[PDB]
2 protein chains.
Amino acid sequence: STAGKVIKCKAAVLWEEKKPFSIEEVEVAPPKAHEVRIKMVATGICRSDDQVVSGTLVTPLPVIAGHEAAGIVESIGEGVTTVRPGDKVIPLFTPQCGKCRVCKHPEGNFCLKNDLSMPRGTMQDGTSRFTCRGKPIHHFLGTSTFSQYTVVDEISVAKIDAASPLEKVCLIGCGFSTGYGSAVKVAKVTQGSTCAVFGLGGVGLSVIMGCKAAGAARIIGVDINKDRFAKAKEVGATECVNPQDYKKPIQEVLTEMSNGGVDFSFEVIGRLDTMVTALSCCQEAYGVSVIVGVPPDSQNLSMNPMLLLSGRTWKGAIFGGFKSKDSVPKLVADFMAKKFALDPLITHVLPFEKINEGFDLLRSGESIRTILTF
Amino acid sequence: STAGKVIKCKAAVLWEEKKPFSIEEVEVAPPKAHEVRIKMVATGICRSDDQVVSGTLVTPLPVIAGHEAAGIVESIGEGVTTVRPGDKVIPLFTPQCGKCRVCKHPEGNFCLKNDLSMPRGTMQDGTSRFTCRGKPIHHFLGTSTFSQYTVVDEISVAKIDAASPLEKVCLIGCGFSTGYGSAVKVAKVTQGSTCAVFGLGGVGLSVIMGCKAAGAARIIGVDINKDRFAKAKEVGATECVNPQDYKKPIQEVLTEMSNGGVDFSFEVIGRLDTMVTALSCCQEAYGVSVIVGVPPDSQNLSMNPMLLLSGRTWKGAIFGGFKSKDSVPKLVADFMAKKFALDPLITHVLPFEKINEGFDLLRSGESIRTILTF
Ligand SMILES: NC(=O)c1ccc[n+]([C@@H]2O[C@H](COP(=O)([O-])OP(=O)(O)OC[C@H]3O[C@@H](n4cnc5c(N)ncnc54)[C@H](O)[C@@H]3O)[C@@H](O)[C@H]2O)c1
Ligand SMILES: NC(=O)c1ccc[n+]([C@@H]2O[C@H](COP(=O)([O-])OP(=O)(O)OC[C@H]3O[C@@H](n4cnc5c(N)ncnc54)[C@H](O)[C@@H]3O)[C@@H](O)[C@H]2O)c1
Ligand SMILES: OCc1cccc(F)c1F
Ligand SMILES: OCc1cccc(F)c1F
Ligand SMILES: [Zn+2]
Ligand SMILES: [Zn+2]
Ligand SMILES: [Zn+2]
Ligand SMILES: [Zn+2]
């Protein structure tokens, strides 16, 4: 019925920075070769989507944002072989083309087809599938999940278990997997280690879950909002510290708590100063610090390279280092098997139509993750 | 007939920054408990010693510098068990106490008893065994090898093979091991990888030897001094590039040459700008960059953290990541077994009395390593 035809549906369009989303009718073109059109079932509100609104994460406007979602394939373009109409799917903000140097590397996951490094806001072919008020609307990271229907390149979608609860697993599309993988895959947290986690929102909580899963003996939560501490301890933090409580810089406090520095630190906020703090708080000879949070556009940090010379390792990762198309289905399967929990991350649920209230809850600090249902 | 007595001998004293060494008589006190007095046989001139003269590496003056050396034990203090008079030894600028948390960690080597982080310029007990002109002289990194005799703490000395050529193996005390281990132990260069080495002095050449030994398929030497290329190729470099030959920044050149970034980059110069450049030239998703060069005191670098978020790993190390007391005798054994070569690194061999000439060779770029003999 809708196959091969333009679909008119509602989407949350962001016409300008620092403005509310405008929920309105958009036209969604049918999928071209190697593209997939998806009816969205649920989508998470991630801090990154808000950074697009704030303008600290830069991507071309106007745009349909949203990148953490789950849905059902409405139709496929010519040539698609990995999903079919009716399949449950999670769109991948980091693609997996499977052919580039990175996809073929055993460790890398930042596929060269990503739209993150030099964002164009289009499909892989350099055009848009979205029209609103007669004007072309940009995509975001090849996903654009703030729409009843979106179109994504095949390399940016993964087929998941047919029995998956889409209102929970959308988190595997961003927040959960990013935090969990930062701990278990990127940092490679070891059994008996001490970890510090800067930022106790959805992603930071996921890092704590990964730290616990890996067998960390101590997991120190760091956040300026003490209301986050309860849930952090629930998912595995052994102690929580608020830097505003201390007269000395937090890296000194943590170094003292850990009796000379932590084995593993994680910056999960997106501030330049906390990236440097987190690197400093790891043990100077063998510590590892992982940058997860997204820094403000085009800003450089300043640091003393002697921090590195002594032995520290500093690294960052997108999407927890997971090769996206390979891992998402495996992660969903693991979820179905009760290997990890997602409920602790979801604090609010709202209809898609209340997306602006959802962003208000994030901005206010009230929610961890709000899931929007279509 | 010197054991237990003060020794009057010649040393090269640095009384002031930016001045020649003064070759003169000093008094060397006998070793106290757990100390070892060494008659120096050979000592290398390392860029780091020149950084002490330059004032860019800060340590209390006046000082007897020198940290890359080999000699023979003259006498030992009470309680020493790992060396005995007549033993061939290499002083270790990074000690191995074997009891601290770093020493007990499987990866770390920056022992907490080091005099590098916050230099005191003394023995472990906070005193000096050197007197010159009635004035106390500081030690340098617990070693001070620019003297016919020095006294070092037991944790800062390693017994080596009785048949070692001391005029060669002194390089295992700093230069060779630092470069070699940075490749094979810190970066863990993999077979068939592409490596880039910034700085083709003695340490950079040892990095190249390590990269070659690790099975790298391409090893790109980077230096502004084209005179270094020939030797770099002899020890394993496949290509050499001079940044001054190009109109575009060298990270762009290296990224193009390596079809998207190198696997492993090494900064072996000590410049803030080349540290960032070396990081940038490694592949954005899986590249690893190792800082080896010692940067100028108290200077911060500026960098865009997106370089790390995409997947890059940045680390540094002291002494090639080798746990010093454990590795040095093994490295010497390996040298005696012809597993690596040291002759390529030695370009000049001078009597100790010509130390200042030796330093002039380094500053002018004429030498790679000059070895001073006593
Ligand atoms: N690397 C990736 O692939 C990836 C994926 C998803 C999200 N992110 C990024 O991760 C970061 C965290 O996302 P999130 O959804 O958990 O965000 P969030 O806003 O829900 O959580 C951030 C937390 O940091 C805390 N915080 C703020 N300032 C702080 C300070 N000075 N010290 C300590 N804590 C402080 C806040 O109180 C909050 O609890 C964001 O920057 C987001 O863009 C990265
Ligand atoms: N991490 C450690 O344990 C350790 C140990 C020994 C030495 N070091 C440091 O390693 C560094 C190198 O030591 P070395 O003994 O090889 O010194 P060196 O002076 O022998 O070598 C420096 C090389 O860098 C090159 N160079 C200078 N400026 C450059 C530029 N802008 N671009 C490219 N190349 C440039 C020079 O031409 C020279 O060949 C020094 O900073 C030294 O202090 C560190
Ligand atoms: O939250 C998704 C995300 C992860 C990393 C970098 C981004 F820009 C981004 F939008
Ligand atoms: O060359 C020896 C050395 C290595 C690393 C750091 C230093 F300060 C230093 F002097
Ligand atoms: Zn790819
Ligand atoms: Zn996200
Ligand atoms: Zn130690
Ligand atoms: Zn040295």
Side-chain angles (χ1 to χ4, degrees), chain A residues 12 21 40-54 57 65-71 90-94 140-141 143-147 160 164-183 197-212 221 223-225 227-237 266 268-270 292-294 318-320 322 328 331-332 334-335 340-374:
Chain A
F21 296 91
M40 217 67 9
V41 174
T43 183
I45 302 178
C46 176
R47 176 65 68 175
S48 291
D49 300 297
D50 189 56
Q51 291 196 237
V52 171
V53 176
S54 290
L57 180 52
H67 61 285
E68 184 178 69
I90 290 177
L92 310 171
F93 75 85
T94 305
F140 177 53
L141 319 179
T143 58
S144 294
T145 69
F146 289 165
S147 181
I160 69 173
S164 310
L166 303 173
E167 81 293 353
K168 284 158 178 214
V169 304
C170 47
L171 289 188
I172 280 151
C174 185
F176 171 75
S177 306
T178 287
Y180 195 80
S182 290
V197 188
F198 292 76
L200 304 175
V203 186
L205 293 173
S206 302
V207 170
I208 290 171
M209 287 175 181
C211 288
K212 184 163 171 306
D223 205 298
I224 50 164
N225 182 353
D227 284 9
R228 299 277 196 261
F229 295 169
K231 170 72 54 71
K233 289 177 181 196
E234 304 177 45
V235 301
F266 299 86
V268 203
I269 307 164
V292 185
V294 170
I318 299 302
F319 194 50
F322 289 112
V328 166
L331 287 167
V332 170
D334 287 345
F335 178 66
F340 57 83
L342 296 175
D343 292 338
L345 303 180
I346 300 165
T347 52
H348 293 84
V349 291
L350 291 166
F352 178 57
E353 295 80 15
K354 292 176 184 199
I355 184 162
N356 287 311
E357 303 184 350
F359 278 81
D360 292 331
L361 292 153
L362 170 66
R363 289 167 193 146
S364 82
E366 176 169 351
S367 53
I368 294 300
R369 280 289 204 271
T370 290
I371 304 295
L372 303 175
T373 50
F374 290 90

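In what follows, chains are A, B, ... by sequence order, proteins preceding strands, each numbered from 1.
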*Can you list the steps and then say if A:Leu200 with A:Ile208 is a side chain to side chain contact (heavy atoms under 4.5 Å, CB included)?*
CA-CA 9 Å; A:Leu200 304 175; A:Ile208 290 171; 3.6 Å; yes
*Would you indicate whether the side-chain heavy atoms of A:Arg369 and A:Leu361 approach each other to under 4.5 Å?*
no
_Rounded distance [0.5 Å steps], CZ in A:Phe340 versus CG in A:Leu345_ = 9.5 Å
*Under the side chain to side chain contact (heavy atoms under 4.5 Å, CB included) rule, what do A:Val41 and A:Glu167 come out as? Steps first, then yes or no, please.*
CA-CA 7 Å; A:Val41 174; A:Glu167 81 293 353; 6.0 Å; no
*Taking the side chain from A:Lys231 and the backbone from A:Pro344, do they hold a donor-acceptor pair closer than 3.5 Å?*
yes
*What closest approach, in Å, do A:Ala183 and A:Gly210 show between heavy atoms, and which atom pair accounts for it?*
CB-C, 3.5 Å
*Can you name the closest pair of heavy atoms from A:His348 and A:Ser367 and give their distance?*
ND1-CB, 3.3 Å
_Option from A:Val169, A:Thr145, A:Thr143 for which side-chain contact (heavy atoms from CB on, under 4.5 Å) with A:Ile90 holds_ = A:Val169
*How many angstroms lie between CG in A:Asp227 and CD1 in A:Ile368, if you round to the nearest 0.5 Å?*
9.5 Å
_A:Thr370/A:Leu362 under side chain to side chain contact (heavy atoms under 4.5 Å, CB included): CA gap, chis, key distance, verdict_ = CA-CA 8 Å; A:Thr370 290; A:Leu362 170 66; over 6 Å; no
*Heavy-atom closest pair, residues A:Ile172 and A:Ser177*: O-OG, 2.6 Å
*Hey, what's the ring geometry for A:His67 with A:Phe140, parallel, tilted or perpendicular (30° and 60° as the breaks)?*
perpendicular
*Roughly how far, to the nearest 0.5 Å, is the CZ atom of A:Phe266 from the SG atom of A:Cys211?*
4.0 Å
*Quick one: CD1 on A:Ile269 to CZ on A:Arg47, what's the gap to the nearest 0.5 Å?*
11.0 Å
_Using every non-hydrogen atom in the two residues, find where A:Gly44 and A:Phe146 come nearest and quote the distance to one decimal._
O-CE2, 3.9 Å
*Under the side chain to side chain contact (heavy atoms under 4.5 Å, CB included) rule, what do A:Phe322 and A:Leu92 come out as? Steps first, then yes or no, please.*
CA-CA 11 Å; A:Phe322 289 112; A:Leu92 310 171; over 6 Å; no
_Are the side chains of A:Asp50 and A:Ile45 in contact, using a 4.5 Å heavy-atom criterion?_
no
*What distance separates A:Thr43 OG1 from A:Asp49 CG, expressed to the nearest 0.5 Å?*
7.0 Å
*Gap between atom SG of A:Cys46 and atom CG of A:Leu57 - 0.5 Å precision*: 9.5 Å
*asked:* Please verify the inter-ring angle class for A:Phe21 with A:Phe359; under 30° counts as parallel, over 60° as perpendicular, anything in between as tilted.
replied: tilted
_Minimum side-chain heavy-atom gap A:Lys212-A:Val235 below 4.5 Å_ = no
_Over all atoms of both residues, closest heavy-atom pair of A:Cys170 and A:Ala42_ = CB-O, 4.1 Å
_Ignoring hydrogens, what is the shortest heavy-atom contact between A:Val268 and A:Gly204? Give both atom names and the distance._
CG1-N, 3.5 Å
*Would you check, one step at a time, whether the test ring pair (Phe, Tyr, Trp, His ring centres under 6.0 Å) holds for A:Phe176 with A:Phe335?*
CA-CA 11 Å; A:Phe176 171 75; A:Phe335 178 66; 8.4 Å; no
